[PDB]
Structure formats: C-alpha cells, structure tokens
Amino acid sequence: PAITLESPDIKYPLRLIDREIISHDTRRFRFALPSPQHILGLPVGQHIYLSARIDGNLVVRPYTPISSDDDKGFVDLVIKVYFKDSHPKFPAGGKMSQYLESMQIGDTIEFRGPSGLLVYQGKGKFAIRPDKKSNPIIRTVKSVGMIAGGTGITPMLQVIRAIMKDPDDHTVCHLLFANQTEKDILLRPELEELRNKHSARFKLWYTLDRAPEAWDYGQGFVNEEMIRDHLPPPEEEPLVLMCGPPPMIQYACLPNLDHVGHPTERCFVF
C-alpha cells in the first residue's frame, strides 16, 4: 500500500474534495490523497500540520484527523472556524481556520506529519513519550477516561474508532464531552451510533455551558462529580485523556481529576 506522509520533513499538497457544515462554526473538511489507493500514514492518536502563506505570514497549525489508515484515498479534518468581526477582543479572527473556510473545491493546502507524543498500539496498549525527548513508555490499561471540549473530540474519536473496530479489543472508553450549547455537540450522530452498537465498551456523557429546557445530561463546566460518575474509577488505574482549550484543562479538568483521585502520571493532554 502507498503511504502519503512518507517523510515527516516533507509538505504534501492535498486537494479539498468535500466540506460538510457540522455546526454554525465547525466543518468537516475532506482532502484527497495522491491516489484513491493511498493511505494517510497516521498512527492512531497522532496529528498533522497544515501550512500556508496568509498575508505575509507563514501560518502553521496542527490538526488531528478523525480518519485512519483504514480510509483509502482521503483524510477527514474537523475544524472550528474563528470568524472575523465576531468576537470583541479578536475582531480579525483566526488566520488558518478562515483560510480553510474560504477554500474552494479543488484548492490545495500542504499537509505534514505525523506528530504527537501518544500512539495507540492496540489491545489496551498506549505508547506515550513522557516528553518530546524520550522514548515512549508502554502501559497496558483496561479502561480509558476521555474529557473533550469542542474540536477536542477529534483525537478521542480516533482512539474510539480504533478500539471498537477490533472485536478482540476489550478496552472500555468513557467519554465526557463538553460544549457550549446543544447545537455545538460535534459528530453527535457518529458518537451515539458507536455507543448504541458497542455499549459494553463505550460510555458516553455530555455537559453543556447552557442546556436546553428538556436535557437529560449535564449542565455547566466539567466538575468533580461528572468525572467521578462518567470516567472510570481510579481503582481501575485507567488512562485519562484530555483535549480542549488550555483554560478548560487548567481550571476544569486537572483540579477535579485530583479531587477524584486520578494521578497526573496516568493523565495525558493532547
């Protein structure tokens, strides 16, 4: 099979072939690989880099795909667009996300990778480099806790999809997914389809900054009780994965993980 990202030092221009509106500000962007028989070449859990020249600046941003090496001919990204003239303190908006939003079908952008400190090697085995300098440390776990906000769902879905497609993978994933309003719950159909098909290995819970009137899940920021009730208990010695805005990690996740009893050595932030 042909690998797209043959070298991590080479930038590969890929063409946009599809673009799906997921919410008011978030899209799934599908790019064609060099041939329909190509695969991306992305170990489970890692990310890529997009680069482009935008107004005299060389903009480089990382993005974690939701597709896998099982997907021939394409790669899927899920990107939130930081629109201009929308936020008072940031009137110019975000550079890369608005550039992607303006891309027409067929337009190209340079991909590079893979990159990242975590790789899922299957059957509960996670290879995590303690820092950018060291070799990966292997620890096998029976369950994984997952806290995501917004597009932080993308690395989690990469791991969830890899586990569920293997019938001999008995790892159990518990996902706590936090967003602002109900319309901001990205990839809800895909998540609930996986939960309804693999309910013994996949537990799923939402919280919202502002919930609707009829709401069966959580309301408010991630807190101590949500982690206690919807992540695996610390006695199982699970791995706890996190992806979201740095302030949500700093204020909502890390202190409340300490409160429940999940040690820092068993936690990882994408």
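So that there is no doubt, residue numbering starts at 1 and follows the sequence shown.
- As the entry records it, the average C-alpha temperature factor is higher for 78 to 86, out of 176 to 184 and 78 to 86.
- The stretch 134 to 142 shows the higher mean C-alpha B-factor when 156 to 164 is compared against 134 to 142 in the entry.
- The residue among 50, 58, 243, 240 whose C-alpha atom has the highest B-factor in the PDB entry is 58.
- Take 41, 34, 45, 62 and read off each C-alpha B-factor from the entry; 34 has the highest.
- Ranked within its chain, residue 71 lands in the highest third, by CA B factor from the PDB record.
- When the CA B factors of the chain's modelled residues are split into thirds, the value for residue 169 lands in the highest one.
- In the deposited entry, the Cα temperature factor of residue 201 places it in the highest third of its chain's modelled residues.
- Per the PDB record, residue ranking by Cα B-factor puts residue 28 in the middle third of the chain.
- Per the PDB record, residue ranking by Cα B-factor puts residue 11 in the highest third of the chain.
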